[PDB]
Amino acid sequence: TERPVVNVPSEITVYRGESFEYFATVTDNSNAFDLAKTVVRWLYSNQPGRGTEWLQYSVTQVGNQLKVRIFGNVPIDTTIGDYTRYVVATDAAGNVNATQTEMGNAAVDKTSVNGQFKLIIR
């Protein structure tokens, strides 16, 4: 009950040669966040990820929630396919919606964590 909660589109579809601009939301029972530790990343590191290096995000406080803008410009030559990515949010007290251990276990087991989504390039 102390962890923040992301709502993100389960499948974010982007197209070669086009930009995109999707939104996710974070809520927390404390109403307060660590915006510097709220990120969009691939599994392995706090980075956008190989094959999706153009994936960008921004974090804004709106009232008691976070607005997470997920955006970028997809190069015309980008490789098509499907990638798993993550919105990892931190409340002001340092609680997270998903830990790296939870993320790693889900990736191996083919299960999911809060904030996980599929990024599909067409």
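Start at 1 and count along the sequence shown; that's the residue number.
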**OP:** May I ask you to compare 54-62 and 72-80 by their mean CA B factor in the entry and name the higher one?
**Re:** 72-80
Original post:
Highest CA temperature factor in the entry: which of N105, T25, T13, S19?
Top reply: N105
Original post:
C-alpha B factor of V88, ranked within the chain: lowest, middle or highest third?
Top reply: lowest
Original post:
With respect to C-alpha B-factor, does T1 fall in the lowest, middle or highest third of the chain as deposited?
Top reply: highest
Original post:
If you rank every modelled residue in this chain by C-alpha B factor, which third holds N29: lowest, middle or highest?
Top reply: highest
